[PDB]
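Undergrad: before the rest arrives, take these chains from my complex:
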Amino acid sequence: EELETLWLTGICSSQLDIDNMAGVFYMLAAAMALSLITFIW
């Protein structure tokens, strides 16, 4: 374990919301779809 410690070292924060914004666009498309449902009466 000491020699593996000496000779090995096993190494290895930002904004992204493309899934949340994809849900945003899907829910607003569903909202205008519900408006289109209410349009036919």
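TA: Right, received. Where do you want to start? Numbers count the residues shown, from 1 in each chain, chains lettered A, B, ... in the order given.
Undergrad: for the longest helix seen in chain A, name the packing helices and strands.
TA: Longest helix in chain A, counting residues (DSSP state H): helix A:18-39. Applying 3 or more CB pairs under 8 Å, 6 or more residues apart in numbering; DSSP states H and E, we find helix A:18-39 packed against no helix or strand. Every residue, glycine included, has its C-beta placed from N, CA and C.
Undergrad: what about residue A:9, how many neighbours?
TA: Residues lying near residue A:9 (other CB atoms under 10 Å) number 7.
Undergrad: Three-state assignment for it, please.
TA: coil (DSSP: H, G, I helix; E, B strand; the rest coil).
Undergrad: please name the residues that touch residue A:15.
TA: Contact analysis of residue A:15 by CB atoms under 8 Å, 6 or more residues apart in numbering lists nothing.
Undergrad: does it count as helix, strand or coil?
TA: Residue A:15 - assigned by three-state DSSP - is coil.
Undergrad: extend the structure above with chain B:
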Amino acid sequence: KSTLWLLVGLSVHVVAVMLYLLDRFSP
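TA: Alright, chain B goes in next:
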């Protein structure tokens, strides 16, 4: 010792147009 906000702005540009469309459509 950003671009997604511009996408949201284009989205609300769509929103205002479709709200005026529902204003004209719905009695």
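Undergrad: so, what packs on helix A:18-39 revisited with chain B in the model?
TA: helix B:3-25 (3 or more CB pairs under 8 Å, 6 or more residues apart in numbering or on different chains; DSSP states H and E).
Undergrad: what about the helix it packs on, distance to the chain center?
TA: Offset of helix B:3-25 from its chain centre (CA atoms, centre = their mean, to the nearest Å): 1 Å.
Undergrad: repeat for stretch A:3-12
TA: Relative to its chain's centre, stretch A:3-12 lies at 34 Å (CA atoms, centre = their mean).
Undergrad: mind checking the end-to-end distance for it?
TA: 20 Å (CA to CA, to the nearest Å).
Undergrad: for residue A:32, list the residues it contacts.
TA: The neighbours of residue A:32, taking CB atoms under 8 Å, 6 or more residues apart in numbering or on different chains as the test, are residue B:18.
Undergrad: whoops, I mixed them up, residue A:31
TA: By CB under 8 Å, 6+ apart, residue A:31 has no neighbours at all.
Undergrad: ok, it to residue A:2 distance?
TA: 64 Å (CB to CB, to the nearest Å).
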